[PDB]
């Protein structure tokens, strides 16, 4: 009799097209719980992200709009794929919930990080993330929250970036929104950010992959900064000058560190057999780690730079890497103020635009 319908998953209610069935719970996006579901029609597994009354809040509104926009506009081998979208409410009046259906992968990095990969594998995955990130940048978008949980794999050894709710263009202009262990200095110390902020994230992931556990823990947001400097050592004065004077003080007050050499943070012991052919060497990986994990954002390698690094570029393929930027409707410029009403309506438009 009706097009949608509902299942209670614990305490949360999913109301979804009869096509989607057998919901299990699986994780959380920036916003929304998320179910795996079988899509009877296309006869394949899918993932579905319930976004509850997003216009409830500038944030939820903003972060939602983003995802919708960015889930449609972006298309790439390495970015998670839009499959379907909808609302069950049949009228702007009535409206509250959005649902995004997207491809479901086999696992996230958690996961892979535990096992002992071999250079080709690491270098490859790396490569993929990067190209993925490259693609987003090529249209100004900075992901901002790259971490094992946002990255997904499949057993055909392929990789996809995911979750766009947090993504935008340069900073500053809320501090504690990006995951602690993955924060670049410029975000820990609130200097604002350029694309290569994502590269920081990358470095921690690669490192974590190798190290077997998180690169810089950090028992709280401030401790985090010790962990970084504990390991990489106190940054130059020339850098401190970039710091806002209030924070600038504290930092200059931190005990000094020399920090370890990369060869010490990442010794051979830690690596697979050095590769069949060259470029793919423990040391080469190290070299690249050492150009990403770099406190000073202005002395830090770019996606493209990384894409060329001997350890990555062995897989380099211009058909993937130099793909057309995702064109973004300038209507939106991802950070202007609005109200509950204008928010609710934007979403609905954008959603109804997408059904």
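Positions refer to the first chain, counted from 1.
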{"query": "Gap size, residue 174 back to residue 173 (deposited sequence, no coordinates)", "finding": "1 to 3"}
{"query": "Between 150-158 and 275-283 (mean CA B-factor, as deposited), the higher", "finding": "275-283"}
{"query": "Selected stretch [higher average CA B-factor]: 137-145 or 164-172", "finding": "164-172"}
{"query": "Maximum C-alpha temperature factor, selected from 49, 60, 291, 309", "finding": "60"}
{"query": "Modelled-residue ranking by C-alpha temperature factor, third containing residue 92", "finding": "highest"}
{"query": "Residue 127 CA temperature factor, ranked by third within the chain", "finding": "lowest"}
{"query": "Residue 23, C-alpha B-factor rank within chain (lowest, middle or highest third)", "finding": "lowest"}
{"query": "Where the record places residue 183 (Cα B-factor, split into thirds across the chain)", "finding": "lowest"}
{"query": "B-factor third for the C-alpha atom of residue 224 within its chain", "finding": "lowest"}
